């Protein structure tokens, strides 16, 4: 009769009921037959928890740090493009909620709000820029320079998207932005993903990527980026230990173990399953983060037990927006925070420093 939403799945169900089909499908979809999409969630269930009893959990402290900046909890907002499709306030709502929670927001290069607009809305929020390497390196450099100028604290360079994955619903729906919206970090019709522009007869976004994003990028482009900015840089989308070691060798400052929300290559493993290999490979030299399939407090606990410093959430944030903008994002983050606090307490962990590998077994 009146929404009573008490877990992240409830927010998704609500979002499906209120969003236009093409928009819900864009946000929900994975690549191809969505094998990895299912596995990102199923894999968490296979990792079992071995809680310690009688540890004194009256005072739980969820605080930690990400690349040297304190956060209230090891749960941060990951980059999700074009948030104004979910709610009129989009990324401005999201950053305000992050400011309230004391956690960080990773801003998409494909945001429907500019780097500057987001900084103005959340001046005291911890903010990072997710970067795509455009064919036009002057565009790419401008994004980085604006992030520096506007008080962003890291670059998350996405390394798994030389081309866009094939999301079948987006092809069926001929996905494009609603008429009033643009990718607001760009000036030209092409780069702003104008829905009045020719992006072919399939997914508009796949065509956008083919036109705008450089499929040639290599470790040499990582060298270029490392020279361009002194900001911390995290490689986002690494799934192999050898690639993780290469990122460390290139002077990067973190790895975000990610399969892009299962939206790129289908049939890759779940992120929680590859996380241990990556943690082992980097030998403590950089922080390792995870995204993909985080929906519950126990997911966060499992990721930290396997050596992630923090996790990022994608889709849950857009479901929060779809419910009630800033307040909805606040709600989703508070649910995750409280579920994580309870999971910590019930497993005997007073703080994030005592979350150890003995807590989990596959």
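By rigid core we mean the largest C-alpha set that fits within 1.5 Å across both forms. Positions refer to the first chain, counted from 1.
Novice: Hey, after superposing on the core, which one moves around more in 8 other deposited structures of this protein, 205 to 213 or 273 to 281, CA-wise?
Specialist: Once the core is superposed, the stretch further away in 8 other deposited structures of this protein is 205 to 213.
Novice: Does the comparison with other PDB entries of this protein show residue 95 lacking coordinates in a third or more of them, where both adjacent residues are built?
Specialist: Residue 95: modelled in every other compared entry.
Novice: Does a third or more of the other compared entries skip modelling residue 188?
Specialist: Residue 188: unmodelled in at least a third of the other compared entries.
Novice: Which of the two stretches, 332 to 340 or 54 to 62, shows the higher mean Cα temperature factor in the record?
Specialist: According to the PDB entry, the answer is 54 to 62.
Novice: Hey, which bit's got the bigger mean C-alpha B factor in the entry, 256 to 264 or 200 to 208?
Specialist: Taking the mean C-alpha B-factor of 256 to 264 and of 200 to 208, the larger value falls to 200 to 208.
Novice: Quiz for you: based on the deposited Cα B-factor, which of 155, 275, 228, 79 is highest?
Specialist: Among 155, 275, 228, 79, the highest C-alpha B-factor in the entry belongs to 228.
Novice: Have a look at 160, 170, 187, 291 and flag the one whose Cα has the highest B-factor in the entry.
Specialist: Going by the entry's C-alpha B-factors, 187 comes out highest.
Novice: For residue 350, return the chain-relative third of its C-alpha B-factor as stated in the PDB record: lowest, middle or highest.
Specialist: Ranked within chain, residue 350 CA B lands in the highest tercile.
Novice: Residue 194: which third of its chain by C-alpha temperature factor?
Specialist: Highest third of the chain for residue 194's C-alpha B-factor.
Novice: Please say which third, lowest, middle or highest, residue 140 falls into when its CA temperature factor is compared across its chain.
Specialist: Answer is highest: the recorded C-alpha B-factor places it there.
Novice: C-alpha B factor of residue 240, ranked within the chain: lowest, middle or highest third?
Specialist: Middle third, going by the recorded CA B-factors of the chain.
Novice: Within this chain's modelled residues, let me know which third the CA B factor of residue 316 belongs to: lowest, middle or highest.
Specialist: Residue 316: CA B-factor falls in the lowest third of its chain.
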